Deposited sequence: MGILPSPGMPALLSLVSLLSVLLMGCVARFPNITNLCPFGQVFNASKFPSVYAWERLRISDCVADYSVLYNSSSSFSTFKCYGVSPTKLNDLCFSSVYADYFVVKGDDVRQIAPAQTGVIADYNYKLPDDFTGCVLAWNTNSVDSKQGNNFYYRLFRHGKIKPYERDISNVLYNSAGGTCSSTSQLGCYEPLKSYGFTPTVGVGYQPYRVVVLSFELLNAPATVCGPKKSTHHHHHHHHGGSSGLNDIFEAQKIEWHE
């Protein structure tokens, strides 16, 4: 199966609009033979020495500091509104630093900050309407209480390691 189209992909999606491909021979030569490549690598419910003996891959760009939210039983802007995993989760989360690729002039990634309620596990909300802080809907951001739910990451070539884009791939083993 084309792991090269996920890990070696030319572009990743925004965290608010993550993409999912379904996974053939279960190779691991790109996961456990080169671990100096990944900055973060944590597994849940399974060990690196057990996986070898449907797996769908969810991938997206998130800033370094928010990488910690990509885990079971987490809270936060990403965990609650963009990408949620169930407490009973089995699989691995891998991430690496791609500042040299994604932090350019015309590369704009977005995350959701405001929503009328939290998202369910594996739910993907890609709508874009004005958020009314008092409840319901509104128009014109000039009016107090009206905000845009999607905000960009201010990614630039020279910014801190905690504000640098990371490419995250989540392998869920069902």
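* **Regions of the deposited sequence not represented in the model** => 1-36, 60-61, 92-95, 217-258 are the stretches of the deposited chain that have no C-alpha coordinates in the structure.
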